[PDB]
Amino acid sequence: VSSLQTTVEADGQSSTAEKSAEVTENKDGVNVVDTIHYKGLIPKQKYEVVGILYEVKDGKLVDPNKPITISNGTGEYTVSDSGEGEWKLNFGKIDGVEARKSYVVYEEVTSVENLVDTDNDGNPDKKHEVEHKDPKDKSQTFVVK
């Protein structure tokens, strides 16, 4: 049993569940970072992260097949001893973040090792996969002025 909660930071402005960060169009691009608060991951195991930034309007993806940007971060993430903790994914300074529009971060977390036995043969045969893909999550959304 596992989950991710995520917090987007756009040009130093952090979103919350209550209130999305507001930024001005940057021209040099908007710096986008996502904090991944993970729960119930397998302790001490290595995972890979794919973060995806989408344009969003009224809690629906505008163009779900055309992400603004995709980040793989450092390429490997280590779970805490408790299975709960935080990782930070940098997207970098992102072009195509436009005035009057909102953007939401989606996250996919996948174990490096097979950790899930799906057929009860006693051997893990599947990677552990956890995601947070919520287009209504203010915590993952920022607004451009």
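From 1 onward, residues are counted along the sequence shown.
field: Residue range whose averaged C-alpha B-factor is higher in the record, 34-42 or 58-66
entry: Comparing 58-66 with 34-42, the higher mean C-alpha B-factor belongs to 58-66.
query: Between 133-141 and 18-26, which has the higher average C-alpha B-factor in the PDB entry?
result: The entry gives the higher C-alpha B-factor average to 18-26.
Most elevated Cα B-factor in the entry, residues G51, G96, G92, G85: Comparing C-alpha B-factors across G51, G96, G92, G85, the maximum falls on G96.
- request: Sort the modelled residues of this chain by their C-alpha B factor and say whether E9 lands in the lowest, middle or highest third.
  value: For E9, whose C-alpha B-factor we compare with every modelled residue in the chain, the answer is the middle third.
message: Split into thirds by Cα B-factor across the chain's modelled residues, where does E76 land: lowest, middle or highest?
response: Answer is highest: the recorded C-alpha B-factor places it there.
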